[PDB]
K.L.:
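Quick one: this structure, given as structure tokens, is what I'll be asking you about.
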Amino acid sequence: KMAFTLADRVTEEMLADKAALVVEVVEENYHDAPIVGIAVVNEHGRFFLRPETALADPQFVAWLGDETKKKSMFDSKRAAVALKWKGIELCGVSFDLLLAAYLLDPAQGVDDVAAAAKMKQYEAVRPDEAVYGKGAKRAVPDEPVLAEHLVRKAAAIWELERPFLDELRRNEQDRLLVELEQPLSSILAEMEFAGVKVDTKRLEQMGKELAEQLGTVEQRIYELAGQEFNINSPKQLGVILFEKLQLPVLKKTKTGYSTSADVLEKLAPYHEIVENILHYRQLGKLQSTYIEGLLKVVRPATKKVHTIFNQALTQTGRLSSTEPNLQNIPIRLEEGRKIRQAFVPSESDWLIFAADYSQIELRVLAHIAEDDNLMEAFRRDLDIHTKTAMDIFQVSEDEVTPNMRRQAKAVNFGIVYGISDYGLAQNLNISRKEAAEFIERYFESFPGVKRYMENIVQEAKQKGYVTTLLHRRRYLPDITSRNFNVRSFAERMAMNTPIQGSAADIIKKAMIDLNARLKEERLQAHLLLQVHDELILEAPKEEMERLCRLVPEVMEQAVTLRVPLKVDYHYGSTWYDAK
DNA sequence: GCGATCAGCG
DNA sequence: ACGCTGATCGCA
Ligand SMILES: [Ca+2]
């Protein structure tokens with residue numbers, strides 16, 4: 001029902017200088033995954049190519065790698081990485097339909113061509129799930145069915161580029177696509193393919209020692225419980241704590257007694273068992289997620305883990321990281337932080353280099369709200385987290401611990417993003433009217449922040465969406481809901497998204513500027529990870545001194561705000577030491 | 001498959 | 001009853 005040439009060899013008219021291109025990778029994790037089929041749509045026709053022929057053809061490979069042959073695609077990072085695993089370079093992607101749909105509306109959840117095309121009333125293409133099936137029934141269909149699907153996807157991309165670019169232009173997002181998200185996609189592809197080297201012997205040893213410390217705490221729990229039970233079982237655990245031991249019930253879930261860490265912490269004055277449960281969970285979390293889970297996904301021949309950075313998932317413009325998630329490696333407890341000792345440079349005599357924006361969302365908020373006092377604070381390079389800790393815990397600057405600062409950090413963001421007196425009182429374990437009076441004091445010092453919070457809720461109601469500094473957008477239909485709770489969640493999104501999303505915009509621009517700078521200085525240094533406001537690199541030890549001046553400067557100059565941006569940085573032999 | 005939970009970023 | 005996430009595990 002759509003005409004195309006099921007081609008046996010590559011021809012010249014397949015190599016025009018503008019095309020829609022589909023390089024189909026069906027496995028969700030595309031690292032080292034099969035390419036099951038190729039389709040090209042251009043001015044000369046529609047073509048399906050078997051990958052064993054196309055990717056072994058030197059003219060087609062050269063076309064793939066020629067940046068002057070422009071390709072329109074959907075999820076070009078997926079294709080670029082799968083091709084890197086075949087030793088083939090993809091260049092010249094000038095339009096990525098996934099990223100275009102994401103910028104137009106992140107709430108659509110667009111995960112295939114059909115979903116993007118639906119946004120423009122184009123429906124002559126099937127959802128990937130209808131073609132490949134679900135779960136245990138998932139399969140590549142027979143070649144004629146496969147070929148028509150890939151061709152229909154390519155034809156959709158060919159037809160949809162212009163209407164998507166027109167709407168992007170109307171939203172002031174066309175440079176956001178072409179100068180930020182698409183260049184970033186190529187940089188993320190390099191990062192994912194490079195991977196991060198893991199010291200598996202250290203992990204395996206830590207996992208042996210965890211298993212021993214687990215039994216010891218486990219027996220102490222059975223002994224303090226007076227009996228043995230499944231410590232992971234909410235039935236039995238709730239029964240043990242709140243029926244057998246008769247501890248107070250401070251919170252329930254839709255299914256029963258809550259045993260969350262905040263609850264257990266408040267029960268520490270009542271029974272010694274609750275802090276053993278905490279210790280037990282923390283150890284088991286390290287064991288299951290960060291020892292076992294990490295070893296599962298190491299490629300044994302190279303000792304590398306290859307994350308996937310999802311660039312078109314979060315509602316604020318952040319990245320997320322999957323399989324493994326390398327944006328939530330432990331750091332705050334000394335036991336967990338030692339896992340970072342297993343993250344090592346991928347070459348001898350290289351080192352890990354880590355750089356992070358200081359107080360990033362507060363600096364962004366100061367600029368956007370134009371609060372006189374907050375802008376003055378950052379012009380003085382004050383540490384607002386430490387200052388807030390001093391005031392909360394009634395200590396001097398010298399007395400503030402890393403844990404106290406961590407806590408004041410949640411107070412600072414809690415207040416500006418709409419925490420209530422109740423929530424603040426429950427977090428600080430203080431009176432509720434003391435919490436309310438601390439909140440009113442906070443907005444007395446920062447009245448511009450309060451005005452901003454009020455104004456942005458009104459702008460979201462009037463326009464139906466909010467935006468970031470580089471024109472990323474989030475629609476907030478619930479902001480006019482008549483249901484108080486639904487409306488309230490939407491108001492807090494109006495408060496938070498422009499700030500968190502602008503911080504995402506800034507680090508993304510920083511990454512593009514950094515890669516351009518590293519190429520210009522001809523350095524071997526390269527990015528490995530982004531962790532929201534942090535960039536992790538590795539480089540020969542002979543490049544470190546140059547990087548100590550280069551990376552902070554690139555990050556600090558990525559944008560020019562009404563306050564300075566400030567970067568902290570460290571380097572060392574492992575990720576652990578790069579702090 | 002989902003909800004509670006907890007690891008991270010602010 | 002601050003916001004944005006992903007992985008694991010038990011299932012009242
Ligand atoms: Ca930071």
Side-chain angles (χ1 to χ4, degrees), chain A residues 106 134-135 230-239 251-264 277-278 281-294 296-297 307-310 313-333 335-337 339-340 356-365 384-385 406 409-427 432 435-436 439 453 474 484-485 488-504 506-507 529-534:
Chain A
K134 301 186 68 178
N230 178 7
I231 317 172
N232 325 284
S233 161
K235 321 301 111 127
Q236 299 174 66
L237 188 61
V239 166
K251 171 187 155 201
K252 302 188 183 198
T253 62
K254 308 201 289 178
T255 19
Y257 309 113
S258 174
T259 64
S260 51
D262 60 314
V263 168
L264 298 186
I277 289 169
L278 252 41
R281 281 174 179 170
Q282 295 172 357
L283 298 169
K285 187 79 153 179
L286 300 178
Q287 183 75 298
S288 69
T289 300
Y290 299 103
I291 303 292
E292 291 186 12
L294 222 37
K296 290 176 181 184
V297 291
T307 193
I308 284 171
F309 289 105
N310 313 302
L313 189 152
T314 72
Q315 297 308 293
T316 58
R318 286 191 161 188
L319 306 173
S320 70
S321 163
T322 302
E323 201 170 291
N325 178 354
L326 294 178
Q327 302 180 317
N328 72 342
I329 301 310
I331 197 178
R332 87 182 198 284
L333 304 161
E335 308 107 290
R337 184 168 158 251
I339 276 143
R340 297 186 172 212
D356 173 47
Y357 288 108
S358 144
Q359 302 171 90
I360 181 60
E361 277 182 36
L362 297 183
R363 292 178 190 264
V364 171
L365 176 61
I384 291 283
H385 297 322
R406 223 129 227 268
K409 176 178 300 193
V411 168
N412 279 325
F413 296 119
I415 292 174
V416 304
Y417 300 132
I419 196 180
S420 70
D421 64 344
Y422 180 80
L424 181 58
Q426 293 298 321
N427 273 11
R432 181 159 171 194
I439 289 168
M453 296 168 71
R474 186 177 188 187
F484 169 78
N485 199 244
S488 296
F489 274 83
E491 292 177 342
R492 293 191 305 262
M493 290 177 188
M495 293 170 193
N496 177 82
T497 290
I499 308 313
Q500 187 189 115
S502 296
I506 292 161
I507 185 119
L529 303 173
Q530 189 246 57
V531 192
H532 307 310
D533 68 332
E534 312 170 22

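Below, chains carry the letters A, B, ... as their sequence lines are ordered, and counting in each starts from 1. FYI, side chains are in, hydrogens and waters are out, and symmetry mates aren't considered; it's all heavy atoms of this structure.
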K.L.:
Contact class for A/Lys251 vs. all strands (heavy atom < 4.0 Å): base, sugar-phosphate, or nothing?
P.N.:
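The residue A/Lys251 makes sugar-phosphate contact but no base contact.
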K.L.:
Side-chain N or O of A/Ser260 less than 4.0 angstrom from OP1 or OP2 on B/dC6?
P.N.:
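No, outside the criterion.
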K.L.:
Check every strand shown and say whether A/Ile499 touches a base, only sugar-phosphate, or nothing at a heavy-atom separation below 4.0 Å.
P.N.:
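Nothing, no nucleic acid heavy atom in range.
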K.L.:
Using a cut-off of 4.0 Å on non-hydrogen atoms, how would the nucleic acid contact of A/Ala410 be classed: base, sugar-phosphate, or nothing?
P.N.:
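Contact class for A/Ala410: base.
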K.L.:
Heavy atoms from C-beta onward define the side chain here; which of B/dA4, C/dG6, B/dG8 lies closest to that of A/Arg332?
P.N.:
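The nucleotide sitting nearest to the side chain is B/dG8.
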K.L.:
Got a donor-acceptor pair under 3.5 Å from the side chain of A/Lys235 to the base of C/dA12?
P.N.:
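Indeed, a donor on one side and an acceptor on the other fall under 3.5 Å apart.
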K.L.:
Tell me whether A/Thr314 contacts the main-chain N or O of A/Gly317 through its side chain, where contact means a donor paired with an acceptor under 3.5 Å.
P.N.:
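Present.
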K.L.:
To the side chain of A/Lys285, which of C/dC4, C/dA1, C/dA7 is closest?
P.N.:
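Of C/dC4, C/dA1, C/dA7, C/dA7 is nearest to the side chain of A/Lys285.
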K.L.:
Given 3.5 Å as the limit, does a donor-acceptor pair link the side chain of A/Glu323 with the main chain of A/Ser321, or not?
P.N.:
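Such a contact is absent between A/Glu323 side chain and A/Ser321 backbone.
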K.L.:
Considering every strand and a 4.0 Å limit on heavy-atom distances, what is the contact class for A/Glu323: base, sugar-phosphate, or nothing?
P.N.:
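The residue A/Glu323 makes sugar-phosphate contact but no base contact.
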K.L.:
When all nucleic acid strands are considered with a 4.0 Å heavy-atom cut-off, which category describes A/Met493: base, sugar-phosphate, or nothing?
P.N.:
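Sugar-phosphate contact only - A/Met493 comes under 4.0 Å of backbone atoms but never of a base.
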K.L.:
Nearest to the side chain of A/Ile331, which nucleotide is it out of B/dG8, B/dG10, C/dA12?
P.N.:
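My answer, after comparing the listed nucleotides, is B/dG8.
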K.L.:
Select base, sugar-phosphate, or nothing to describe what A/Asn328 touches, counting heavy atoms under 4.0 Å on all strands.
P.N.:
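Base: the residue A/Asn328, judged by heavy atoms under 4.0 Å, touches a nucleobase.
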K.L.:
Within the side chain of A/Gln500, is there an N or O that forms a donor-acceptor pair under 3.5 Å with the backbone of A/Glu361?
P.N.:
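Here the side-chain-to-backbone pair does not exist.
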K.L.:
Quick check, are the ring centers of A/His532 and A/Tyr357 under 6.0 angstrom apart?
P.N.:
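No, the ring centres sit 6.0 Å or more apart.
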K.L.:
Just checking A/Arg363: base, sugar-phosphate only, or nothing, at a heavy-atom cut-off of under 4.0 Å?
P.N.:
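Nothing, no nucleic acid heavy atom in range.
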K.L.:
Are any of A/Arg318's side-chain N or O atoms less than 4.0 Å away from OP1 or OP2 of B/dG10?
P.N.:
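For B/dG10, neither OP1 nor OP2 has a side-chain N or O of A/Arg318 closer than 4.0 Å.
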K.L.:
Positive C1'-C2'-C3'-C4' counts as north, negative as south. Which one applies to C/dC2?
P.N.:
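With a positive torsion about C1'-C2'-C3'-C4', the sugar belongs to the north class.
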K.L.:
So what does A/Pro234 hit on the nucleic acid, given a heavy-atom distance under 4.0 Å: a base, only sugar-phosphate, or nothing?
P.N.:
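Contact class for A/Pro234: base.
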K.L.:
From C-beta outward on A/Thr289, which listed nucleotide comes closest to its side chain: B/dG10, B/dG8, C/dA7?
P.N.:
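The nucleotide sitting nearest to the side chain is C/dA7.
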K.L.:
Touch check for A/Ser321, heavy atoms < 4.0 angstrom, all strands: base, sugar-phosphate only, or nothing?
P.N.:
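Since only primed, P, OP1 and OP2 atoms lie under 4.0 Å of A/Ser321, the category is sugar-phosphate.
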K.L.:
Could you check which of B/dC6, C/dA12, C/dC9 has an atom nearest any side-chain atom of A/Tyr257?
P.N.:
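So the side chain of A/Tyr257 is nearest to C/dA12.
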K.L.:
From the options C/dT8, C/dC2, B/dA7, select the nucleotide whose nearest atom is closest to the side chain of A/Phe413.
P.N.:
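Nearest listed nucleotide: C/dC2.
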K.L.:
Base, sugar-phosphate, or nothing for A/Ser258, non-hydrogen atoms under 4.0 angstrom?
P.N.:
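Sugar-phosphate: the residue A/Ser258, judged by heavy atoms under 4.0 Å, touches backbone atoms but no base.
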K.L.:
So does A/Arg492 get a side-chain nitrogen or oxygen closer than 4.0 Å to the phosphate oxygens (OP1/OP2) of C/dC2?
P.N.:
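So the side-chain polar atoms of A/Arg492 never come under 4.0 Å of the phosphate oxygens OP1 or OP2 of C/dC2.
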K.L.:
So how far is it from A/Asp421 CG to A/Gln426 CD, rounded to the nearest 0.5 Å?
P.N.:
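Between atom CG of A/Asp421 and atom CD of A/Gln426 there are 10.0 Å.
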K.L.:
Answer with base, sugar-phosphate or nothing: what part of the nucleic acid does A/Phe484 contact at a heavy-atom distance below 4.0 Å?
P.N.:
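Here A/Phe484 touches no strand at all.
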K.L.:
Tell me whether the OP1 or OP2 atom of C/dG6 has a side-chain N or O from A/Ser320 closer than 4.0 Å.
P.N.:
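True: A/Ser320 side-chain N/O within range (under 4.0 Å) of C/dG6 OP1/OP2.
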K.L.:
Taking only N and O in the side chain of A/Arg281, is any of them less than 4.0 Å away from OP1 or OP2 of B/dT5?
P.N.:
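Answer is no, no contact under 4.0 Å.
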K.L.:
The side chain of A/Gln282 lies closest to which of these nucleotides: C/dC4, C/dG6, B/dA7?
P.N.:
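Closest nucleotide among those given: B/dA7.
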K.L.:
What is the nucleic acid contact for A/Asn412, judged by heavy atoms within less than 4.0 Å: base, sugar-phosphate only, or nothing?
P.N.:
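A/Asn412: no heavy atom of the nucleic acid under 4.0 Å.
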K.L.:
When all nucleic acid strands are considered with a 4.0 Å heavy-atom cut-off, which category describes A/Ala503: base, sugar-phosphate, or nothing?
P.N.:
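No contact.
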